[PDB]
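Peer 1: Once you've seen the sequence and the experimental structure below, I've got questions.
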Amino acid sequence: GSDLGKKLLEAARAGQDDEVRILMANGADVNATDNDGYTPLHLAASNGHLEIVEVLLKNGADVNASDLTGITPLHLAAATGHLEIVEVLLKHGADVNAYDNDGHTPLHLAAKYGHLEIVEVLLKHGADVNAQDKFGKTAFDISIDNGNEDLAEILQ
């Protein structure tokens, strides 16, 4: 890293709020990246650690960092169903229409895992309802293909 870089990735992933605060105060690189291209923000967002996601943003974390597969923190929070985190990312500049390597946007991932509120929030924040992935699928297609018809109804 960082030495501290690496430690901050681990703390953010683990959700150790005090550890994250102490590591940052001692100079830890808020945008440290591991071998998957994850940043502390990716890990904290994926694992549902809200307070960490917040303090990382307030201290310079790149809200749109892309990992090796083209996935951003917003993609992870939408896929894993962390609604409040999705809202915080969006409030801090997250690109609502980020495209990963497979051409999946946050809307596509939320649709795939049946996270209805997230889909609504993303659409309220400018998600392209007609976006298609590398398979020609829209969020709507994905919602019915995965048995999520209640989501299909709002994408429709």
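Peer 2: That came in fine, so what should we check first? Numbering: from 1, shown residues only.

Peer 1: Only C-alpha atoms from now on, for both contacts and neighbour counts.
Peer 2: Will do.

Peer 1: which residues touch the nearest residue to residue 113 once chain neighbours are set aside?
Peer 2: The shortest distance from residue 113 to any non-neighbouring residue, by Cα to Cα, 6 or more residues apart in numbering, is to residue 79 (6.4 Å). Residues in contact with residue 79 (Cα atoms under 8 Å, 6 or more residues apart in numbering) are 106, 109-110, 112-113, 115.

Peer 1: So which residues make contact with stretch 86-104?
Peer 2: By Cα under 8 Å, 6+ apart, stretch 86-104 touches 54, 57, 63-64, 69-75, 77-78, 105-107, 118, 121-122, 125-128, 132-134.

Peer 1: Sort out for me which of the residues you listed are in helices.
Peer 2: 54, 57, 73-75, 77-78, 106-107, 118, 121-122 (DSSP state H).

Peer 1: By residue count, tell me the biggest helix in this protein.
Peer 2: helix 4-14.

Peer 1: Let's see that one as CSV, backbone CA atoms only.
Peer 2: Provided in CSV are the C-alpha atoms of helix 4-14 (Å, rounded to 0.1, in the frame of the first residue of the first chain):
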residue,chain,number,x,y,z
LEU,A,4,-1.8,1.1,6.3
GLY,A,5,-3.5,0.9,2.9
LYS,A,6,-3.9,-2.8,3.3
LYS,A,7,-5.0,-2.5,6.9
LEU,A,8,-7.7,0.0,5.9
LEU,A,9,-9.0,-2.3,3.2
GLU,A,10,-9.3,-5.0,5.9
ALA,A,11,-10.9,-2.7,8.5
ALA,A,12,-13.5,-1.4,6.0
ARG,A,13,-14.3,-4.8,4.9
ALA,A,14,-14.6,-6.1,8.5
